[PDB]
Amino acid sequence: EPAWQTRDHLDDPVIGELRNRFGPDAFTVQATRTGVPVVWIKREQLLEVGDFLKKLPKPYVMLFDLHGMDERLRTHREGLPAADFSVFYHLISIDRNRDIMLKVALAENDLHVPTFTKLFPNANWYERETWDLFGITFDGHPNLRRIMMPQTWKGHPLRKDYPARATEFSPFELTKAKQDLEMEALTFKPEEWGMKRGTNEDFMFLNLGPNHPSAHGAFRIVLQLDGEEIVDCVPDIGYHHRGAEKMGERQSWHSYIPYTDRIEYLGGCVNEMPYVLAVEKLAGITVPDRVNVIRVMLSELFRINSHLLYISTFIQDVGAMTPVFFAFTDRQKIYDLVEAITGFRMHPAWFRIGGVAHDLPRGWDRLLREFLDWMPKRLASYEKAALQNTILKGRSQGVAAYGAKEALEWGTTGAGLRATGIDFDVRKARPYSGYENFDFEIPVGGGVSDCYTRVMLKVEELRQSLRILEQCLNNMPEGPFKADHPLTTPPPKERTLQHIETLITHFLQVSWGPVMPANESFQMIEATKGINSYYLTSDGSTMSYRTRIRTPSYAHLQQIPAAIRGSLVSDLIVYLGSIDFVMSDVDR
Amino acid sequence: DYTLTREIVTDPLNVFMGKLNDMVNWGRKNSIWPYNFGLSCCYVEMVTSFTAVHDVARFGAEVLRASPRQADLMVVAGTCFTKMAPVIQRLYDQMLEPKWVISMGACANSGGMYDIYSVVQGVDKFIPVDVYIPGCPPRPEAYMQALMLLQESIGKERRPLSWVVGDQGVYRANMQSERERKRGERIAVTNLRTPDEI
Amino acid sequence: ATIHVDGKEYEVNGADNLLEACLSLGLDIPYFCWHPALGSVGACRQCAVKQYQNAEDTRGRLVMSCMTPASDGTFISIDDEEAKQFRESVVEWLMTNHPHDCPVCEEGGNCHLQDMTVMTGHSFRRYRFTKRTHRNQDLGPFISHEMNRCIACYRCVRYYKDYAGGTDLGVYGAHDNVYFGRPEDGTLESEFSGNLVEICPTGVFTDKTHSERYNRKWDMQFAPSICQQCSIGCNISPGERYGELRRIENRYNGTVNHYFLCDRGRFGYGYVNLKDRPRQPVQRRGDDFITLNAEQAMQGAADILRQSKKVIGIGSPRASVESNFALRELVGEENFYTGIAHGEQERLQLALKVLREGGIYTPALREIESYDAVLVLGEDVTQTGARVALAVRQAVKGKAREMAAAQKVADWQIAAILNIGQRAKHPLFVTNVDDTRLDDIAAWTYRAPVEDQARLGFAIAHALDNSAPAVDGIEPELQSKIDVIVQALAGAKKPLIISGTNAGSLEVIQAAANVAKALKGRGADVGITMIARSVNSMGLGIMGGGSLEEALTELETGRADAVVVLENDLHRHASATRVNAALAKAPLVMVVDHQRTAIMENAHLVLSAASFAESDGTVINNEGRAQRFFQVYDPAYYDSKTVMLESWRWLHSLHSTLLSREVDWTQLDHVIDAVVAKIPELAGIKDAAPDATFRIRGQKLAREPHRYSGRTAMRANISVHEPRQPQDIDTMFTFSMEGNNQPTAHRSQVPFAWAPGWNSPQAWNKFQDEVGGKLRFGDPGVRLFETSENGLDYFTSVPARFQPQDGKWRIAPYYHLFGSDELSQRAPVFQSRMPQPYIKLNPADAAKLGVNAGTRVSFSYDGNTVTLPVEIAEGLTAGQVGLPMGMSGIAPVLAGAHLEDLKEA
Ligand code: SF4
Ligand code: SF4
Ligand code: SF4
Ligand code: SF4
Ligand code: FES
Ligand SMILES: [Ca+2]
């Protein structure tokens, strides 16, 4: 049985436990290509099912995702409950290495679900984003305001009847918005943002944004302060919203790949991989081995690039401005190899449905060998220059520390989750893209996630990525760079240029789009900054019916208030430098 | 050929104030401090230009003031989001004359690939732009080439020397476009290296 | 019937074959040679499914789903491995010889062969040998020929010969050298040859008029419109790119014009793209022609109209219901004049009275194909209402259909039906002044003047019913033919009588009404069809008004000092000298029009109105069905200086500026409400289409496909800033791809057909409830009237026989599909197709005048001597001269007029 085969997952023990607890008629099991059991639960039993999953012998401890879907235009809904809208809850059990997708069906008039925040605190921002983009009200939410769009925004953009394209610009709207930007400091009310007891009169309100002098993006944090002590803080995000999901509903399966590049713009091919993997799951494509090793090579190269930039920016935020120049020279070496392979520096747009855009250029191994010889001495130099310095250690150790429980309840993944002592990497637990054929280690922490522990874990991850790159250079199969499937978009170019059936396939795939049959697919990968995921719903057309991108920087920014509570502003700056987030990843 | 801002006029340039104008323009163009404004991935390539492998410091554009008062050039490098557009306009208003604008990337040029509900389709909708860079992202040397283009744009524009003597309007030269200037050599290209090699 | 496809049970129709039954269920089977309108032949061998004998069976057998009936308890599989392998192999065999032509082929992105190559999953070529090659032929100005792309699916020959009755297209050659085309280079003679571009699943037959300015299907802006070239009202999809009307595709209507148009509707659109059209309002001041915008034109016209003492309005059957009603509201009901002559209006009102008061059910165009005998009186259907002639051909083949059904042969087995019914056909009796294009299948043809055809009809009605008035003076041979017609009509279960206003005689319409009443009195299921002239002739007849002669009399007498002419050239309904004198005497002439007419040289004000591609409105076709047509594109999107509005918008704004001195343009639904509130006869036009607030789950209807391209570059040469998307406040459609065009959307107006995997016109199968039937949620268009409870009385006005008087010549009308409609001659592709302007002469009259064939003769009509070359017409009765109606210089009002001093020049 192939990995893309449609499975109902009725042999999962979670289905049997749910049947024994709630009854055989309490839910509907859906057969998908997501790889996880999809269970449609009634709305009135949602909190009961969540509590039952939370109190399992090997419980589902992390709310991985929570969002909505507009099901009004979905023609192929066979074996599904009648739904105008739906809300899905993706929960991960690390102990079982399993996950379950609960789904709640809502009518068009009764668009309200009970809040999930009493079970999982990340449901705060997840439900705020669901309300902002779909208009679904969550009863019991502490403060259900818009998180992506401004508060004075009419309509909900991810609904099907909302126009995707840009409206006409008016200087009047900009000028009045400048007026509210002017009186926002004067007319600030903490009750709007969920804060309480604002201005006792021992607290002051501090706004860091909107523009920070850093490469992680532009955003605001409002802080309740007693002197230099932070008591309450909520981040103001949505300043980097690009409508990537709404764009996914109006681009074909092939023409959306450059938009998948700019989700985490320090990731590139790392961001391209889960999307093309989920599309290949929809298409029923098993890629050959050379495609797997090429994609692994480019993903590890871009992971090293992102980790180098993150370590450099953390060192610069500490105060040492020297190693960022040398590490950007190293990034220039990586960019030289990436320019040679894909033709571009930062957003290659090189992964394809079924393979990659071109074969590897003649001489890639030379550039890879020079880069692999160049890296370790520079890494040791950066280590001895800044990451073994006592001033950097005093600035970074013990700042914004959290344990395994806090990382599990807030959906923190990547360096922080492994620094809390939990060994969970997608490249080993749920392997993808032929990662089982590479010998590499997963670094883990002692059990407490400091800034320093996360930075050293990222350094060890860079070392392991260098090991993977060495294995890619030494052992590469000789064969096709595209699959032997009719849905490989585009087909190989020489056969397009001299065969007429291949020309027909190329013509209809680049113009109208490749036709993915109606199914739901899900791919979860380990990104450069945590765990990334693409959830793609196809209605049988040439475009995505629903593109849902889960990014870890959302969860990290939501964990920001729970970890910095009771600390200083400089601790907040060091924490922001030690998260490895981009605002495009948060806001997408 | 020049354009007024206080109108298409001619060149108004004794000889002493002419040399004063060339010296003032030389000092302005040889010392341009960009404003550190991070929007999106185009700012990542901007700070890649800022590092040691490209050396934007050679052009005297490396001081990178964090306050808009001390900066002369605004490099809008990133997407012009609707929430961030009043911030961009306020930061542009906080800058002082003379001020120039470089749009870096297709997002700042026209909105780029993000013709979406929450993106302003170009920064020229609300602030004037002096130099445009196509690319997504433009490479750092393209940003330095745009800096040179702005340098020869400044080098022949005319501005008042003092606020009490002379015409207070600002002259901007209607320069020949780079497309028509480079068409003589771009069309003559016949062969390129095949994409199967390094 | 009960079938089991891939283990899933379905209920289908047992009389259908498995291919159309499974396509109606939403299942996908590739097919080439089968068509819903043409039946099954089993040629392409593409539709192979695997049939099993019973519920438990593992071997099966590859059967042909188009050739297999969907009987009760059938077991088939589509996704069987052997069936899929064979379908991919059939695609591969078709692709062995196919040219590497998709980038330079006009069927690219619209190709059924491309869709089925992709859908079978064939993308790898292992064939390494040569590909066969064919030379091409010149097929005329409309169809472009490329025989290399043929897959030998035999659809073209089957449609063109068996369905459309054409004789000049066939299949030649042998084993793999089969050639589909004409026996020699020449124009395709059929009036329905344009449907080959949709019948052909490949790019062998392509729209050449579209090919001149070619763009792909995904790049089109489509709208659901009504064809404006005659009164049949066929549903069309006009598609536009870069501000010009690019193509007319057939839009499916299961009640009217299901899969097929005629060549006048498909290739006569080129008047929209004419460069001399008015794009701005123009005011004539002395010798200068100054250009206004909309507001100043409205203010000036309102001021001048307010100073006038009486303003009259001359409508037209070209304009929609809303434009005519807006003109009627502007000038007043008693000052509104229909733009047609007195005789044309009298014939139109009589045909309307017969239709909506005669008690006989008038059929739709699809319903015509089920009648058992057809009598066409006076009307040249193929040249005036061509789609009715096609439906008459199908009704004639109905006898072979019945003969094959009597032998338990399935109705989709077209070859067996044609073999059983060899040459037996239902009776067709056509009367005209000469031979018609229906004569190859007609049981009898009567070449006689209009009075003699009316007398033949009155005699048929008297022989059917003795209470009908009798005709005395019938020859014994003509009486024998009369009783042959009567015996054929009386034995028919469903007789159909077709007449119209194009014969130029009231008595022909009266005789047809008498025949229909006599057949109704015998208990027969008689239907009656009346063919009008223009697109909204029925609408102008229902709304009514004075004739053009009364308007010219008011202008000449000085009682009217202001005339507003709406979408009328005024020369097809009256003499040019009289119209010019009356318009020159009027101190204000104001022409609201979209085509540069000859009456604008004296016009004081010209309003640049919109054509059907740039306007919304309602038109009433010949059967009395109200149909809404929608705007295709915004003319001001590309050229911002273009101020071209709807005619009803112009006239409503003029009425508002005349009354309240303020400008209000309108919304379209406001004008629709005004029409249904003030004219109860036109109250049914509200249900023709839903209002502008109609949504499909909250979103509008997309005009263009979702892969519409060039949004940030197609206007970049004007300005790099992208403009506002045009807002359509009038209708429910949006001028963008941000809309709904789902096949399952609860709507009736479909701008274009597209399904994922079905890019060709075969996506209409996805847009129908059953394949070849109606649309899923009904067809657009609502009949304005029901059939009457009681009929009329017999028309006792029997005319005398035609007497050829000396010195005078009766003008026999000759109509052409290319040349008689007013707007179609303006299309520059038609001048290569329109015949040379002739004059038809009987051999005895030509010998009496000493003129041969081809010599020039000069005749004076209304004191205007024009010369034409002589063509000898054998079937024309002596004492008559035949003139081509609607051409240059020959108005259609000249039908039945007398001609003086016809003499060789
Ligand atoms: S133009 Fe491209 S690289 Fe620059 S900000 Fe936009 S998405 Fe990023
Ligand atoms: S007929 Fe179809 S398959 Fe053949 S060249 Fe044209 S588009 Fe391609
Ligand atoms: S010319 Fe077209 S319709 Fe005729 S057999 Fe060939 S592919 Fe079929
Ligand atoms: S029959 Fe008449 S309405 Fe139909 S396509 Fe021809 S001209 Fe148009
Ligand atoms: S469609 Fe049945 S054989 Fe051609
Ligand atoms: Ca309109």
# chains A, B, ... in the order shown; residues from 1 in each chain; ligands from 1

call {"tool": "interface_residues", "arguments": {"of": "chain C", "to": "chain A", "cutoff": "6 Å", "atoms": "only C-alpha atoms", "output": "number ranges by chain"}}
result
C: 100, 114, 118, 121, 123, 698-699, 724, 756

call {"tool": "write_last_selection", "arguments": {"atoms": "N, CA and C atoms", "output": "PDB file, in the first residue's frame"}}
result
ATOM      1  N   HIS C 100       2.493  18.054 -33.939  1.00  0.00           N
ATOM      2  CA  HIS C 100       3.015  18.782 -32.782  1.00  0.00           C
ATOM      3  C   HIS C 100       2.608  20.254 -32.895  1.00  0.00           C
ATOM      4  N   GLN C 114      -7.379  17.110 -26.426  1.00  0.00           N
ATOM      5  CA  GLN C 114      -6.460  17.435 -25.338  1.00  0.00           C
ATOM      6  C   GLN C 114      -7.013  16.986 -23.991  1.00  0.00           C
ATOM      7  N   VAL C 118      -5.374  13.954 -21.675  1.00  0.00           N
ATOM      8  CA  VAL C 118      -4.979  14.151 -20.285  1.00  0.00           C
ATOM      9  C   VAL C 118      -5.789  13.249 -19.358  1.00  0.00           C
ATOM     10  N   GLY C 121      -4.780   9.705 -19.017  1.00  0.00           N
ATOM     11  CA  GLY C 121      -3.488   9.568 -18.381  1.00  0.00           C
ATOM     12  C   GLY C 121      -2.348   9.244 -19.315  1.00  0.00           C
ATOM     13  N   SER C 123       0.657  10.316 -21.371  1.00  0.00           N
ATOM     14  CA  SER C 123       1.599  11.412 -21.535  1.00  0.00           C
ATOM     15  C   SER C 123       2.975  10.961 -22.001  1.00  0.00           C
ATOM     16  N   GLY C 698     -23.828  33.786  -1.748  1.00  0.00           N
ATOM     17  CA  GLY C 698     -23.270  35.070  -1.393  1.00  0.00           C
ATOM     18  C   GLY C 698     -22.336  35.690  -2.408  1.00  0.00           C
ATOM     19  N   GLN C 699     -21.959  34.972  -3.461  1.00  0.00           N
ATOM     20  CA  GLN C 699     -21.023  35.494  -4.443  1.00  0.00           C
ATOM     21  C   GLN C 699     -21.687  35.594  -5.809  1.00  0.00           C
ATOM     22  N   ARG C 724      -9.527  50.429 -11.433  1.00  0.00           N
ATOM     23  CA  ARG C 724     -10.598  49.776 -10.697  1.00  0.00           C
ATOM     24  C   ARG C 724     -11.227  48.697 -11.572  1.00  0.00           C
ATOM     25  N   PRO C 756     -13.546  21.054 -14.566  1.00  0.00           N
ATOM     26  CA  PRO C 756     -12.164  20.557 -14.474  1.00  0.00           C
ATOM     27  C   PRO C 756     -12.004  19.226 -15.191  1.00  0.00           C
TER      28      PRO C 756
END

call {"tool": "interface_residues", "arguments": {"of": "chain B", "to": "chain A", "cutoff": "7 Å", "atoms": "only C-alpha atoms", "output": "list in words"}}
result
residues 36, 37, 38, 39, 40, 41, 44, 48, 51, 52, 53, 81, 83, 84, 86, 114, 115, 116, 117, 118, 119, 126, 196, 197 and 198 of chain B

call {"tool": "residues_near_ligand", "arguments": {"ligand": "ligand 1", "cutoff": "7 Å", "atoms": "only C-alpha atoms and all ligand atoms", "output": "PDB file with N, CA, C and O atoms, in the first residue's frame"}}
result
ATOM      1  N   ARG A 262       7.368  32.321   0.070  1.00  0.00           N
ATOM      2  CA  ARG A 262       7.437  33.520   0.892  1.00  0.00           C
ATOM      3  C   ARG A 262       6.642  33.406   2.187  1.00  0.00           C
ATOM      4  O   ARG A 262       6.285  34.434   2.773  1.00  0.00           O
TER       5      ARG A 262
ATOM      6  N   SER B  40       9.987  43.326   4.904  1.00  0.00           N
ATOM      7  CA  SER B  40       9.872  41.944   4.449  1.00  0.00           C
ATOM      8  C   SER B  40      11.225  41.487   3.902  1.00  0.00           C
ATOM      9  O   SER B  40      12.263  42.081   4.215  1.00  0.00           O
ATOM     10  N   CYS B  41      11.199  40.411   3.105  1.00  0.00           N
ATOM     11  CA  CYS B  41      12.400  39.729   2.617  1.00  0.00           C
ATOM     12  C   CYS B  41      13.333  40.648   1.824  1.00  0.00           C
ATOM     13  O   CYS B  41      14.556  40.417   1.772  1.00  0.00           O
ATOM     14  N   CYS B  42      12.781  41.690   1.201  1.00  0.00           N
ATOM     15  CA  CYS B  42      13.613  42.660   0.502  1.00  0.00           C
ATOM     16  C   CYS B  42      14.537  43.399   1.463  1.00  0.00           C
ATOM     17  O   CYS B  42      15.662  43.754   1.095  1.00  0.00           O
ATOM     18  N   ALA B  77      11.529  48.516   1.361  1.00  0.00           N
ATOM     19  CA  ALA B  77      11.943  47.186   0.930  1.00  0.00           C
ATOM     20  C   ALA B  77      11.012  46.173   1.582  1.00  0.00           C
ATOM     21  O   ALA B  77      11.309  45.639   2.652  1.00  0.00           O
ATOM     22  N   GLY B  78       9.893  45.909   0.938  1.00  0.00           N
ATOM     23  CA  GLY B  78       8.945  44.945   1.457  1.00  0.00           C
ATOM     24  C   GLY B  78       7.539  45.263   0.996  1.00  0.00           C
ATOM     25  O   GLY B  78       7.291  46.245   0.303  1.00  0.00           O
ATOM     26  N   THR B  79       6.618  44.398   1.405  1.00  0.00           N
ATOM     27  CA  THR B  79       5.222  44.539   1.026  1.00  0.00           C
ATOM     28  C   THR B  79       4.570  45.688   1.777  1.00  0.00           C
ATOM     29  O   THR B  79       4.834  45.908   2.962  1.00  0.00           O
ATOM     30  N   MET B 104      12.225  48.911  -3.298  1.00  0.00           N
ATOM     31  CA  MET B 104      13.027  47.715  -3.504  1.00  0.00           C
ATOM     32  C   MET B 104      12.077  46.529  -3.582  1.00  0.00           C
ATOM     33  O   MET B 104      11.414  46.190  -2.597  1.00  0.00           O
ATOM     34  N   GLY B 105      11.996  45.919  -4.754  1.00  0.00           N
ATOM     35  CA  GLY B 105      11.202  44.725  -4.923  1.00  0.00           C
ATOM     36  C   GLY B 105       9.864  44.998  -5.587  1.00  0.00           C
ATOM     37  O   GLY B 105       9.365  46.126  -5.625  1.00  0.00           O
ATOM     38  N   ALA B 106       9.269  43.921  -6.103  1.00  0.00           N
ATOM     39  CA  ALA B 106       8.010  44.027  -6.828  1.00  0.00           C
ATOM     40  C   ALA B 106       6.856  44.414  -5.914  1.00  0.00           C
ATOM     41  O   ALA B 106       5.897  45.046  -6.371  1.00  0.00           O
ATOM     42  N   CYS B 107       6.928  44.047  -4.632  1.00  0.00           N
ATOM     43  CA  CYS B 107       5.894  44.439  -3.678  1.00  0.00           C
ATOM     44  C   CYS B 107       5.854  45.948  -3.498  1.00  0.00           C
ATOM     45  O   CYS B 107       4.785  46.565  -3.543  1.00  0.00           O
ATOM     46  N   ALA B 108       7.016  46.558  -3.267  1.00  0.00           N
ATOM     47  CA  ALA B 108       7.060  48.000  -3.085  1.00  0.00           C
ATOM     48  C   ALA B 108       6.850  48.733  -4.399  1.00  0.00           C
ATOM     49  O   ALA B 108       6.380  49.876  -4.400  1.00  0.00           O
ATOM     50  N   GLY B 112       3.491  43.494  -6.435  1.00  0.00           N
ATOM     51  CA  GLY B 112       4.126  42.242  -6.804  1.00  0.00           C
ATOM     52  C   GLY B 112       3.128  41.129  -7.026  1.00  0.00           C
ATOM     53  O   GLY B 112       2.038  41.328  -7.571  1.00  0.00           O
ATOM     54  N   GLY B 135      12.496  42.971  -9.045  1.00  0.00           N
ATOM     55  CA  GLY B 135      13.104  41.813  -8.420  1.00  0.00           C
ATOM     56  C   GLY B 135      12.230  41.326  -7.284  1.00  0.00           C
ATOM     57  O   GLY B 135      11.423  42.062  -6.721  1.00  0.00           O
ATOM     58  N   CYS B 136      12.389  40.052  -6.945  1.00  0.00           N
ATOM     59  CA  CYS B 136      11.656  39.453  -5.829  1.00  0.00           C
ATOM     60  C   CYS B 136      12.461  38.306  -5.243  1.00  0.00           C
ATOM     61  O   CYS B 136      12.197  37.130  -5.518  1.00  0.00           O
ATOM     62  N   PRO B 137      13.469  38.611  -4.415  1.00  0.00           N
ATOM     63  CA  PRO B 137      14.019  39.935  -4.109  1.00  0.00           C
ATOM     64  C   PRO B 137      15.054  40.382  -5.125  1.00  0.00           C
ATOM     65  O   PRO B 137      15.657  39.534  -5.780  1.00  0.00           O
TER      66      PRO B 137
END

call {"tool": "residues_around", "arguments": {"residues": "residue 176 in chain B", "least_positions_apart": "3", "cutoff": "12 Å", "atoms": "only C-alpha atoms", "output": "list in words"}}
result
residues 1, 2, 149, 152, 153, 173, 179, 180, 181, 182 and 183 of chain B

call {"tool": "residues_near_ligand", "arguments": {"ligand": "ligand 2", "cutoff": "6 Å", "atoms": "only C-alpha atoms and all ligand atoms", "output": "count of residues only"}}
result
11

call {"tool": "decode", "arguments": {"residues": "range 641-660 of chain C", "atoms": "N, CA, C and O atoms", "output": "PDB file, in the first residue's frame"}}
result
ATOM      1  N   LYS C 641     -11.694  57.538 -22.326  1.00  0.00           N
ATOM      2  CA  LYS C 641     -12.450  58.606 -22.962  1.00  0.00           C
ATOM      3  C   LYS C 641     -13.755  58.123 -23.576  1.00  0.00           C
ATOM      4  O   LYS C 641     -14.557  58.954 -24.010  1.00  0.00           O
ATOM      5  N   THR C 642     -13.987  56.815 -23.621  1.00  0.00           N
ATOM      6  CA  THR C 642     -15.181  56.269 -24.252  1.00  0.00           C
ATOM      7  C   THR C 642     -16.373  56.431 -23.319  1.00  0.00           C
ATOM      8  O   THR C 642     -16.387  55.877 -22.214  1.00  0.00           O
ATOM      9  N   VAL C 643     -17.368  57.198 -23.758  1.00  0.00           N
ATOM     10  CA  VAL C 643     -18.625  57.305 -23.030  1.00  0.00           C
ATOM     11  C   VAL C 643     -19.708  56.651 -23.870  1.00  0.00           C
ATOM     12  O   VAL C 643     -20.357  57.306 -24.692  1.00  0.00           O
ATOM     13  N   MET C 644     -19.917  55.356 -23.663  1.00  0.00           N
ATOM     14  CA  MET C 644     -20.883  54.584 -24.434  1.00  0.00           C
ATOM     15  C   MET C 644     -21.761  53.847 -23.434  1.00  0.00           C
ATOM     16  O   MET C 644     -21.289  52.954 -22.722  1.00  0.00           O
ATOM     17  N   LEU C 645     -23.021  54.250 -23.352  1.00  0.00           N
ATOM     18  CA  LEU C 645     -23.945  53.753 -22.349  1.00  0.00           C
ATOM     19  C   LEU C 645     -25.065  52.975 -23.018  1.00  0.00           C
ATOM     20  O   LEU C 645     -25.205  52.963 -24.242  1.00  0.00           O
ATOM     21  N   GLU C 646     -25.859  52.311 -22.188  1.00  0.00           N
ATOM     22  CA  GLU C 646     -27.057  51.644 -22.667  1.00  0.00           C
ATOM     23  C   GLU C 646     -28.067  52.672 -23.158  1.00  0.00           C
ATOM     24  O   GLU C 646     -28.098  53.815 -22.694  1.00  0.00           O
ATOM     25  N   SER C 647     -28.883  52.259 -24.127  1.00  0.00           N
ATOM     26  CA  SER C 647     -29.872  53.164 -24.701  1.00  0.00           C
ATOM     27  C   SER C 647     -30.948  53.532 -23.688  1.00  0.00           C
ATOM     28  O   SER C 647     -31.370  54.693 -23.617  1.00  0.00           O
ATOM     29  N   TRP C 648     -31.400  52.558 -22.892  1.00  0.00           N
ATOM     30  CA  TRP C 648     -32.382  52.850 -21.854  1.00  0.00           C
ATOM     31  C   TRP C 648     -31.795  53.757 -20.782  1.00  0.00           C
ATOM     32  O   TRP C 648     -32.499  54.614 -20.240  1.00  0.00           O
ATOM     33  N   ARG C 649     -30.503  53.601 -20.486  1.00  0.00           N
ATOM     34  CA  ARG C 649     -29.835  54.497 -19.549  1.00  0.00           C
ATOM     35  C   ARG C 649     -29.790  55.920 -20.090  1.00  0.00           C
ATOM     36  O   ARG C 649     -30.089  56.877 -19.364  1.00  0.00           O
ATOM     37  N   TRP C 650     -29.449  56.066 -21.375  1.00  0.00           N
ATOM     38  CA  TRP C 650     -29.413  57.374 -22.022  1.00  0.00           C
ATOM     39  C   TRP C 650     -30.779  58.046 -21.984  1.00  0.00           C
ATOM     40  O   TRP C 650     -30.902  59.218 -21.610  1.00  0.00           O
ATOM     41  N   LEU C 651     -31.826  57.303 -22.345  1.00  0.00           N
ATOM     42  CA  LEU C 651     -33.147  57.908 -22.457  1.00  0.00           C
ATOM     43  C   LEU C 651     -33.773  58.167 -21.093  1.00  0.00           C
ATOM     44  O   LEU C 651     -34.492  59.157 -20.928  1.00  0.00           O
ATOM     45  N   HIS C 652     -33.502  57.315 -20.101  1.00  0.00           N
ATOM     46  CA  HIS C 652     -33.981  57.582 -18.750  1.00  0.00           C
ATOM     47  C   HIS C 652     -33.279  58.788 -18.141  1.00  0.00           C
ATOM     48  O   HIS C 652     -33.915  59.599 -17.456  1.00  0.00           O
ATOM     49  N   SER C 653     -31.972  58.931 -18.385  1.00  0.00           N
ATOM     50  CA  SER C 653     -31.268  60.118 -17.917  1.00  0.00           C
ATOM     51  C   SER C 653     -31.771  61.372 -18.619  1.00  0.00           C
ATOM     52  O   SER C 653     -31.868  62.437 -18.001  1.00  0.00           O
ATOM     53  N   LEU C 654     -32.101  61.262 -19.908  1.00  0.00           N
ATOM     54  CA  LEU C 654     -32.673  62.395 -20.626  1.00  0.00           C
ATOM     55  C   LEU C 654     -34.045  62.770 -20.085  1.00  0.00           C
ATOM     56  O   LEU C 654     -34.363  63.956 -19.963  1.00  0.00           O
ATOM     57  N   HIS C 655     -34.869  61.774 -19.752  1.00  0.00           N
ATOM     58  CA  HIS C 655     -36.172  62.057 -19.161  1.00  0.00           C
ATOM     59  C   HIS C 655     -36.029  62.722 -17.798  1.00  0.00           C
ATOM     60  O   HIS C 655     -36.760  63.668 -17.480  1.00  0.00           O
ATOM     61  N   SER C 656     -35.079  62.249 -16.986  1.00  0.00           N
ATOM     62  CA  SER C 656     -34.843  62.859 -15.681  1.00  0.00           C
ATOM     63  C   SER C 656     -34.327  64.288 -15.813  1.00  0.00           C
ATOM     64  O   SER C 656     -34.728  65.169 -15.047  1.00  0.00           O
ATOM     65  N   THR C 657     -33.440  64.538 -16.779  1.00  0.00           N
ATOM     66  CA  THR C 657     -32.912  65.886 -16.965  1.00  0.00           C
ATOM     67  C   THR C 657     -33.948  66.811 -17.592  1.00  0.00           C
ATOM     68  O   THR C 657     -33.882  68.032 -17.410  1.00  0.00           O
ATOM     69  N   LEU C 658     -34.904  66.256 -18.335  1.00  0.00           N
ATOM     70  CA  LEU C 658     -35.986  67.069 -18.872  1.00  0.00           C
ATOM     71  C   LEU C 658     -37.000  67.416 -17.791  1.00  0.00           C
ATOM     72  O   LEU C 658     -37.553  68.522 -17.782  1.00  0.00           O
ATOM     73  N   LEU C 659     -37.255  66.488 -16.868  1.00  0.00           N
ATOM     74  CA  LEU C 659     -38.261  66.732 -15.840  1.00  0.00           C
ATOM     75  C   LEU C 659     -37.698  67.540 -14.675  1.00  0.00           C
ATOM     76  O   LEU C 659     -38.149  68.658 -14.406  1.00  0.00           O
ATOM     77  N   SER C 660     -36.708  66.991 -13.973  1.00  0.00           N
ATOM     78  CA  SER C 660     -36.222  67.566 -12.727  1.00  0.00           C
ATOM     79  C   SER C 660     -34.916  68.335 -12.885  1.00  0.00           C
ATOM     80  O   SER C 660     -34.350  68.770 -11.876  1.00  0.00           O
TER      81      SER C 660
END
